[PDB]
Peer 1: 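Sending over a structure as structure tokens; questions will come in a sec.
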Amino acid sequence: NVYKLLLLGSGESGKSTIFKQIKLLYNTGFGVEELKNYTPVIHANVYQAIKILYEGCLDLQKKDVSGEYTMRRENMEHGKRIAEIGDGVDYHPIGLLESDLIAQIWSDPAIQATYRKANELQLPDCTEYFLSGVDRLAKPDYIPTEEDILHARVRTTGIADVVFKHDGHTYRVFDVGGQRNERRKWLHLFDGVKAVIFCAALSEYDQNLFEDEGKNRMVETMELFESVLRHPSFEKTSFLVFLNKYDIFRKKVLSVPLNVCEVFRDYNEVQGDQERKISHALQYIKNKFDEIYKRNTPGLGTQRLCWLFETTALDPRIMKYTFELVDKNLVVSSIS
Ligand SMILES: Nc1nc2c(ncn2[C@@H]2O[C@H](COP(=O)(O)OP(=O)(O)OP(O)(O)=S)[C@@H](O)[C@H]2O)c(=O)[nH]1
Ligand SMILES: [Mg+2]
């Protein structure tokens with residue numbers, strides 16, 4: 001008797017990172033042979049970040065010849081060759097000469113100005129983590145760490161599942177892609193679900209979708225949440241909402257106000273120290289998700305539960321705490 005969990009949310013909300021985190025905490029885990037199979041993915045992510053930075057820099061220079069966005073002509077050439085390696089079908093791991101050029105691109109001031117506009121780009125979140133550590137990833141004896149695996153970015157396009165045990169209870173969690181094209185595939189997974197883990201990126205409120213750059217990422221997340229809550233298969237199904245990327249949110253909400261996002265235009269920032277500002281904004285986002293849940297659950301908590309958790313999917317301590325909080329909530333609530 002196996003309780004089925006279903007990871008849902010829009011693209012890059014964090015579902016696969018949570019999926020790996022579950023493998024790390026409740027099973028083994030990785031997996032040195034399978035860790036090495038992530039080297040090509042990590043290299044691909046690096047090549048893709050340089051490509052998007054280099055192309056975005058060139059476009060930002062077209063709009064503005066200040067020129068805050070004009071690269072050193074040397075790094076303009078290096079940026080072109082490195083991006084053409086990524087686009088090639090050949091193979092080409094990142095060796096020492098590659099890492100030296102990538103590092104040199106990443107250090108150009110125009111690239112860092114472009115990187116400060118990552119929200120206007122479609123830049124993988126792991127960009128700064130991997131580019132800063134490009135020399136380590138280029139060594140011939142390099143084995144990815146478990147931290148590397150959690151940062152590595154693979155756009156999910158199939159169904160994956162893993163079973164795990166805690167207490168005497170068996171679980172099977174399913175991972176599926178969240179980009180628009182992959183959502184046809186959700187419908188047949190909707191049966192026999194004991195709980196939906198709905199991932200929602202807190203840090204996305206100043207970004208537009210990869211599938212449609214006219215659509216705010218967070219508006220899409222909230223419409224998507226409402227559309228899942230309104231599906232008949234989930235009428236009496238529990239929702240655990242992971243308000244993920246809390247680490248990124250902490251930095252962003254201090255520098256980009258929430259009102260940049262159309263669903264947060266009524267936000268009124270309080271004054272105080274960094275943590276009262278962070279805390280107040282998070283409570284405000286939580287209330288908004290709560291409102292969507294209440295609007296769509298006539299019998300509220302006697303129909304289905306909806307618990308909200310701020311999370312950082314990369315961080316095992318925060319994840320271990322988050323899952324223990326779930327069990328602590330179930331014990332106090334007398335729910336089985
Ligand atoms: N800083 C930070 N990065 C995160 C966090 N969660 C996920 N990421 C990073 O964001 C990237 C995208 O996350 P991912 O798990 O692949 O999203 P997804 O929901 O599975 O995306 P898709 O399969 O529907 S396209 C990954 O590279 C991951 O490392 C987080 O909480 N904080
Ligand atoms: Mg995924």
Side-chain angles (χ1 to χ4, degrees), residues 10-14 16-17 38-65 67-94 98-135 137-138 148 150-157 177-181 201 203-217 220 245 248 251-252 256 314:
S10 70
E12 307 167 92
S13 52
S16 285
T17 313
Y38 273 94
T39 302
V41 178
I42 288 171
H43 284 182
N45 289 330
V46 169
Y47 284 127
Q48 178 67 10
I50 288 310
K51 181 194 189 180
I52 276 163
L53 285 164
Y54 168 81
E55 292 177 347
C57 192
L58 287 173
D59 191 67
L60 286 179
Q61 153 172 247
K62 221 196 145 202
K63 298 184 211 152
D64 173 301
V65 194
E68 190 195 6
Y69 298 96
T70 81
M71 329 169 58
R72 279 127 172 73
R73 72 93 203 146
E74 201 198 341
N75 299 314
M76 220 187 303
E77 287 135 23
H78 296 334
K80 196 186 170 204
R81 333 168 60 94
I82 295 294
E84 299 182 343
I85 295 173
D87 296 334
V89 63
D90 287 275
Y91 168 34
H92 205 151
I94 299 195
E98 285 85 8
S99 98
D100 282 344
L101 303 184
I102 288 160
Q104 207 179 297
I105 295 152
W106 179 238
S107 97
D108 193 300
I111 288 299
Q112 292 290 274
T114 309
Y115 174 74
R116 285 193 290 282
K117 299 206 156 305
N119 59 311
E120 319 179 7
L121 303 184
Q122 295 286 320
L123 201 81
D125 290 287
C126 59
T127 286
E128 147 171 54
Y129 175 86
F130 279 133
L131 291 197
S132 80
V134 73
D135 216 63
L137 321 166
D148 289 351
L150 295 151
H151 271 93
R153 162 66 187 161
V154 175
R155 168 186 126 274
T156 298
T157 45
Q179 290 181 343
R180 280 180 178 177
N181 281 353
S203 63
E204 269 179 359
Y205 61 89
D206 74 323
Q207 307 166 226
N208 309 101
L209 290 172
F210 175 78
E211 311 88 322
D212 170 17
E213 272 105 327
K215 175 85 164 194
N216 176 72
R217 282 204 176 200
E220 173 92 345
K245 292 180 170 172
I248 302 174
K251 315 193 202 73
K252 190 170 284 204
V256 193
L314 302 165

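Count residues from 1 along the sequence. All values below come from the heavy atoms of this structure, side chains included, with hydrogens, waters and symmetry mates left out.
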Peer 1: Would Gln112 and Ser107 count as a side-chain contact (heavy atoms from CB on, under 4.5 Å) if you check the C-alpha gap in whole Å, the side-chain angles of each, and the deciding distance to 0.1 Å?
Peer 2: CA-CA 7 Å; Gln112 292 290 274; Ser107 97; over 6 Å; no
Peer 1: Salt bridge or not between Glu84 and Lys51? Use side-chain N to carboxylate O under 4.0 Å.
Peer 2: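 No, this pair does not count.
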Peer 1: At their closest point, which heavy atom of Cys126 faces which heavy atom of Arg153, and how far apart are they?
Peer 2: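 Shortest heavy-atom separation between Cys126 and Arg153 comes out as SG-CB, 4.3 Å.
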Peer 1: What heavy-atom pair brings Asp125 and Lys245 nearest, and what distance separates the two atoms?
Peer 2: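 Looking at all heavy atoms of both residues, the shortest contact is OD2-NZ, 2.8 Å.
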Peer 1: From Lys251 NZ over to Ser203 OG, what is the distance, rounded to the nearest 0.5 angstrom?
Peer 2: 9.0 Å
Peer 1: Does a donor on one side chain and an acceptor on the other come within less than 3.5 Å for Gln104 and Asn75?
Peer 2: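 A donor-acceptor contact under 3.5 Å links the two side chains.
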Peer 1: Evaluate the side-chain proximity of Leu53 to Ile105: yes if any heavy-atom separation is below 4.5 Å, no if none is.
Peer 2: no
Peer 1: Would you confirm whether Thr127, through its side chain, and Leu123, through its main-chain N or O, come within 3.5 Å as a donor-acceptor pair?
Peer 2: no
Peer 1: When you check the side-chain N and O atoms of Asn208 and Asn216, is any donor under 3.5 Å from an acceptor?
Peer 2: no
Peer 1: Under a 3.5 Å distance rule, please check whether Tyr54 uses its side chain to pair with a backbone N or O of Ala49 as donor and acceptor.
Peer 2: no
Peer 1: Applying side-chain contact (heavy atoms from CB on, under 4.5 Å), run through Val46 and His43 and close with a yes or a no.
Peer 2: CA-CA 5 Å; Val46 169; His43 284 182; 5.5 Å; no
Peer 1: Say whether, by atom type as modelled, one donor and one acceptor occur between the side chain of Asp108 and the main chain of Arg72 under 3.5 angstrom.
Peer 2: yes
Peer 1: Quick one: pull up CZ in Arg180 and CZ in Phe210 and give me the separation to the nearest 0.5 Å.
Peer 2: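 If I round to the nearest 0.5 Å, the distance is 12.5 Å.
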Peer 1: So do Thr39 and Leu137 actually touch side chain to side chain, heavy atoms under 4.5 Å?
Peer 2: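 When only atoms from C-beta onward are counted, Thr39 and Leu137 do not touch, as no gap falls below 4.5 Å.
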Peer 1: Please report the shortest heavy-atom distance between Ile42 and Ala152, naming the atom on each side.
Peer 2: CG1-CB, 3.8 Å
Peer 1: Aromatic rings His151 and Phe130: how do their planes relate, parallel, tilted or perpendicular, breaks at 30° and 60°?
Peer 2: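 Perpendicular: the ring planes of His151 and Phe130 meet at over 60°.
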Peer 1: I'd like to know if the side chain of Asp59 pairs up with that of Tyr69 as donor and acceptor (distance under 3.5 Å, no hydrogens or angles considered).
Peer 2: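 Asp59 vs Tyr69: no donor-acceptor pair found between side chains.
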Peer 1: Would you give the length of the straight line joining atom CG of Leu121 to atom SG of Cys57, rounded to the nearest 0.5 angstrom?
Peer 2: 9.5 Å
Peer 1: For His78, which of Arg81, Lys80, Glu74 qualifies under side-chain hydrogen bond (donor to acceptor under 3.5 Å, both in side chains)?
Peer 2: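 So, applying the side-chain hydrogen bond (donor to acceptor under 3.5 Å, both in side chains) to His78 and each of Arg81, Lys80, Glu74, only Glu74 qualifies.
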Peer 1: Applying side-chain contact (heavy atoms from CB on, under 4.5 Å), name anything that partners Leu150, two or more places apart in sequence or on another chain.
Peer 2: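 Testing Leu150 for side-chain contact (heavy atoms from CB on, under 4.5 Å), a comparison that skips the adjacent residues, returns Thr17, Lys20, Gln21, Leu24, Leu314.
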Peer 1: How long is the straight-line distance from CD of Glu55 back to CD of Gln122, given to the nearest 0.5 Å?
Peer 2: 13.0 Å
Peer 1: For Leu58 and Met76: C-alpha separation, side-chain torsions, deciding distance, then whether side-chain contact (heavy atoms from CB on, under 4.5 Å) applies.
Peer 2: CA-CA 9 Å; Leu58 287 173; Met76 220 187 303; 4.1 Å; yes
Peer 1: The test is side-chain contact (heavy atoms from CB on, under 4.5 Å); show your working for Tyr129 and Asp148 and say whether it passes.
Peer 2: CA-CA 9 Å; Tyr129 175 86; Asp148 289 351; 2.7 Å; yes
Peer 1: Is there a donor in the side chain of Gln207 and an acceptor in the side chain of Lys252, or the other way round, less than 3.5 Å apart?
Peer 2: yes
Peer 1: Regarding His92 and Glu98, is there a side-chain donor-to-acceptor distance under 3.5 Å anywhere?
Peer 2: yes
Peer 1: Checking side-chain hydrogen bond (donor to acceptor under 3.5 Å, both in side chains) against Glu12, which of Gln179, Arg155, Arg217 comes through?
Peer 2: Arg217
Peer 1: How close do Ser99 and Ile94 get, counting heavy atoms only, and between which atoms?
Peer 2: N-CG2, 3.9 Å
Peer 1: Could you measure the distance from the CD1 atom of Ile82 to the CD1 atom of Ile102? Nearest 0.5 Å is fine.
Peer 2: 4.5 Å
Peer 1: Mark yes or no for whether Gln48, through its side chain, and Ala83, through its backbone, hold a donor-acceptor pair below 3.5 Å.
Peer 2: no
Peer 1: Got a second to check how far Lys215's NZ is from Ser10's OG, nearest 0.5 Å?
Peer 2: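 Reported to 0.5 Å precision, the distance equals 11.0 Å.
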Peer 1: Are the side chains of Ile85 and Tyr47 in touch, meaning some heavy atoms are under 4.5 Å apart?
Peer 2: yes
Peer 1: Within the structure provided, determine whether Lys117 and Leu60 are in side-chain contact (heavy-atom separation under 4.5 Å).
Peer 2: yes
